[PDB]
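Below is one structure, written out as structure tokens; the observations come after it.
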Amino acid sequence: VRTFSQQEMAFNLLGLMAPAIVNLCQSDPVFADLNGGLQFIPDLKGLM
Amino acid sequence: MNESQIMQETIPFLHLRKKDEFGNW
């Protein structure tokens with residue numbers, strides 16, 4: 001699974017800022033799982 | 001993981017749910 005550096009996660013965010021996605025929002029709200037796929041680690045609390 | 005691709009009677013008016021592995025009711 002992936003964890004991100006700051007610089008990366010900023011890049012990712014600016015992504016939803018891109019003209020492409022912006023127009024999606026203007027018609028319909030956008031969900032953006034920018035989680036490193038950690039959704040699949042159950043009991044993450046416990047793991048760590 | 002993707003129910004929408006794979007699949008493209010009755011439920012009671014009062015039920016209890018339980019949690020999916022992916023925290024779903």
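Just so we're on the same page: first chain in the structure tokens is A, next is B, and so on; residues restart at 1 for each chain, and ligands are numbered from 1 in the order they show up.
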Residues near residue 20 (chain B), cut-off 12 Å, only C-alpha atoms, skip fewer than 2 positions along chain, as a short mmCIF file (atom, residue, chain, number, x, y, z; two decimals) with N, CA, C and O atoms, in the first residue's frame:
data_model
loop_
_atom_site.label_atom_id
_atom_site.label_comp_id
_atom_site.auth_asym_id
_atom_site.auth_seq_id
_atom_site.Cartn_x
_atom_site.Cartn_y
_atom_site.Cartn_z
N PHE A 40 -7.94 -1.05 2.22
CA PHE A 40 -7.91 -2.51 2.22
C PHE A 40 -7.17 -3.08 3.42
O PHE A 40 -7.22 -4.29 3.67
N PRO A 42 -7.58 -3.63 6.89
CA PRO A 42 -8.50 -3.52 8.01
C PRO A 42 -7.71 -3.50 9.29
O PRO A 42 -6.57 -3.97 9.32
N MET B 1 -15.59 -5.54 -4.52
CA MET B 1 -14.76 -4.42 -4.96
C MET B 1 -15.37 -3.62 -6.12
O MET B 1 -15.41 -2.40 -6.06
N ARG B 17 -28.53 -3.82 10.48
CA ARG B 17 -27.48 -4.07 9.51
C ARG B 17 -26.23 -4.49 10.22
O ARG B 17 -26.16 -4.45 11.45
N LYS B 18 -25.24 -4.92 9.46
CA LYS B 18 -23.94 -5.21 10.05
C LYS B 18 -22.85 -4.69 9.13
O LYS B 18 -23.12 -4.34 7.98
N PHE B 22 -15.37 -3.57 4.48
CA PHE B 22 -15.12 -2.21 4.05
C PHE B 22 -16.14 -1.29 4.71
O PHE B 22 -16.82 -0.51 4.03
N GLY B 23 -16.26 -1.41 6.03
CA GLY B 23 -17.16 -0.60 6.83
C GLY B 23 -18.45 -0.18 6.15
O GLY B 23 -18.69 1.01 5.96
N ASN B 24 -19.27 -1.14 5.78
CA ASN B 24 -20.54 -0.85 5.13
C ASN B 24 -21.72 -1.48 5.86
O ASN B 24 -21.60 -2.59 6.40
N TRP B 25 -22.85 -0.78 5.89
CA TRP B 25 -24.02 -1.29 6.62
C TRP B 25 -25.04 -1.98 5.71
O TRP B 25 -26.00 -1.35 5.25
#
For region 1-9 of chain A: contacts at 9 Å, only C-alpha atoms, fewer than 2 positions along chain excluded, given as a JSON list (two decimals) with N, CA and C atoms, in the first residue's frame:
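Saved to around.json:
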[["chain", "number", "residue", "atom", "x", "y", "z"],
["A", 11, "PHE", "N", 0.64, 17.65, -5.40],
["A", 11, "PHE", "CA", 0.47, 17.34, -6.80],
["A", 11, "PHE", "C", -0.91, 16.73, -7.01],
["A", 12, "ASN", "N", -1.22, 15.69, -6.23],
["A", 12, "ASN", "CA", -2.50, 14.98, -6.33],
["A", 12, "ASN", "C", -3.68, 15.91, -6.21],
["A", 13, "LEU", "N", -3.59, 16.81, -5.24],
["A", 13, "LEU", "CA", -4.65, 17.75, -4.96],
["A", 13, "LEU", "C", -4.82, 18.70, -6.13],
["A", 14, "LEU", "N", -3.72, 19.32, -6.56],
["A", 14, "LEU", "CA", -3.75, 20.25, -7.67],
["A", 14, "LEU", "C", -4.37, 19.58, -8.87],
["A", 34, "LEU", "N", -8.04, 9.92, -2.33],
["A", 34, "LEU", "CA", -6.62, 10.11, -2.50],
["A", 34, "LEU", "C", -5.89, 9.41, -1.37],
["A", 35, "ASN", "N", -6.50, 8.32, -0.89],
["A", 35, "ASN", "CA", -5.91, 7.46, 0.13],
["A", 35, "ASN", "C", -5.11, 6.38, -0.55],
["A", 36, "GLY", "N", -3.93, 6.09, -0.01],
["A", 36, "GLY", "CA", -2.98, 5.21, -0.67],
["A", 36, "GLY", "C", -3.43, 3.78, -0.83],
["A", 37, "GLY", "N", -4.74, 3.58, -0.95],
["A", 37, "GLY", "CA", -5.32, 2.26, -0.99],
["A", 37, "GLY", "C", -5.32, 1.58, 0.37],
["A", 38, "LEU", "N", -5.13, 2.36, 1.42],
["A", 38, "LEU", "CA", -5.12, 1.82, 2.77],
["A", 38, "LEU", "C", -6.51, 1.35, 3.18],
["A", 40, "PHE", "N", -7.94, -1.05, 2.22],
["A", 40, "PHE", "CA", -7.91, -2.51, 2.22],
["A", 40, "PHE", "C", -7.17, -3.08, 3.42],
["A", 41, "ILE", "N", -6.47, -2.23, 4.16],
["A", 41, "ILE", "CA", -5.87, -2.68, 5.41],
["A", 41, "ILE", "C", -6.91, -2.51, 6.51]]
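Checking A:43, A:19, A:10, A:48 one by one against chain B, counting only C-alpha atoms, you find the shortest gap at A:43.
Relative to CA of residue 21 (chain A), CA of residue 33 (chain A) is found at 13.9 Å.
In this model, the gap between CA of residue 45 (chain A) and CA of residue 2 (chain B) comes to 25.4 Å.
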> Separation of CA of residue 18 (chain A) and CA of residue 32 (chain A), in Å?
Replying inline: 13.3 Å
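Considering the residues A:22, A:39, A:46, A:15 and counting only C-alpha atoms, chain B has its shortest atom-to-atom contact with A:39.
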